[PDB]
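Q: This is the structure I have questions about; it appears just below.
Laboratory data are not the source of any read-out in this text; all were calculated from the coordinates shown. Using ideal geometry, Cβ is built from the backbone for each residue, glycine included, and neighbour counts are taken over all protein chains shown.
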Amino acid sequence: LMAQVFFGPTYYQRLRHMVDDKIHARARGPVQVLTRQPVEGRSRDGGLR
DNA sequence: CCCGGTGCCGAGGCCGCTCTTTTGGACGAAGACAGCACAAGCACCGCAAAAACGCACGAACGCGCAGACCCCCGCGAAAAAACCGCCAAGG
């Protein structure tokens, strides 16, 4: 490489936010009883606002 | 009674204080509440003392015989019961 590279060990930490705990998709599913709109929440297979 | 004027109710304008309404978007997870309890009736389980069924005894029923004694008849003696009457003392 034409440019030299800064290089060495550094202390890194893994945070709790992982993509597989955030990915969510919905085509159709449960709806609220009062308004008949998609429910809220990824855990409940909800929709996006 | 004409020229003029005052207080008067009346008039609108304006300043102050009270009420109302709203304050970014999206997403995630977890955790903890949701009236509720006390007094009651229809029905059940199971306990008190009255009840089931066998067995063996022997009591009481039956029958057959005995004869005692109770009923009934009789004739007369015996006696009270019945009848009649005067009258006194007690109700």
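Q: Can you tell me the alpha carbon radius of gyration of chain A divided by the globular rule-of-thumb value 2.2 N^0.38 Å?
A: 2.20
Q: Using packing as a proxy for protection, rank A:22-32, A:38-48, A:4-14 so that the peptide with the highest average count of other Cβ atoms within 10 Å comes first.
A: With the highest mean Cβ count within 10 Å placed first, the list reads A:38-48, A:22-32, A:4-14.
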